[PDB]
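Take a look at this one chain, the form deposited in one PDB entry, written out in structure tokens.
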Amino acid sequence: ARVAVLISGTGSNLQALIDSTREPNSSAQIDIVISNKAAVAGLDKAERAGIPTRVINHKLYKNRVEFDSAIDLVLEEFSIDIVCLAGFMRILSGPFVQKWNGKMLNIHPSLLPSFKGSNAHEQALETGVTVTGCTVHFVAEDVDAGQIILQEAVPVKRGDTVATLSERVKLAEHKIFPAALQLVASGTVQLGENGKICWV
């Protein structure tokens, strides 16, 4: 399966996907990395790995639909089968999401359905949970509501900050994102016609 990884920043999840997809038994290959932001570290990681990069500045488009259309053009250019959102921080339009339904994965740094949104660690810390975690899910139009593929719990330690908690949770993200990608790319897991996860 041919994979695009979309990023907005550091790219530690991208690096874990690069590492995993290069193992001999990987059913996935990363053929393109797309960033909505220029000069971010994830682009360095991609180039260093010899993977093509494209920057699609969302700041240059009239609306969300036109921006997503620009992404989709690149996806078609590289004959992509599966899209991974790896620290990509844009909400995607309905039509784009529906086109890639069952073929697009996202990593989220909470145990969904808790703490949806862009500041999950802040929320977890404010709420006072002692267990948080991360989630890989299929992307549906409703943000962070798509079908869950894998999750891993991570303890919150007393005195944790966003800095220390995100660091601990990223270790788990780097485990379950590659595992989830391999499940989907191998055809082991798919989105069911009833819209529920199907383990083949």
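From 1 onward, residues are counted along the sequence shown. The term rigid core refers to the most C-alpha atoms you can superpose between the two forms while keeping them within 1.5 Å.
- If you average the C-alpha B-factors over 117-125 and over 87-95, the higher value belongs to 87-95.
- As recorded in the PDB entry, 53-61 is the stretch of 53-61 and 170-178 with the greater mean C-alpha temperature factor.
- For the set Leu150, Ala70, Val162, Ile32, the PDB entry puts the maximum C-alpha B factor at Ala70.
- Annotation for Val74: C-alpha temperature factor in the highest third relative to the rest of the modelled chain, per the entry.
- For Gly192, the recorded CA temperature factor ranks within the highest third of the chain's modelled residues.
- The PDB entry assigns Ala38 a C-alpha temperature factor belonging to the highest third of its chain's modelled residues.
- When all modelled residues of the chain are sorted by CA temperature factor, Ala46 is found within the highest third.
- Placement of the Cα temperature factor of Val156 within the chain: lowest third of the modelled residues, per the deposited record.
Although it is not shown, the form deposited in another entry is what the next lines describe.
- With the core held fixed by superposition, the comparison between this form and the one not shown singles out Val162 as the only member of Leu171, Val162, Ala49, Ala41 whose CA moves by at least 2 angstroms.
- Once both forms are overlaid on the rigid core, the distance between the two CA positions of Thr127 between this form and the one not shown is 2 angstroms or more.
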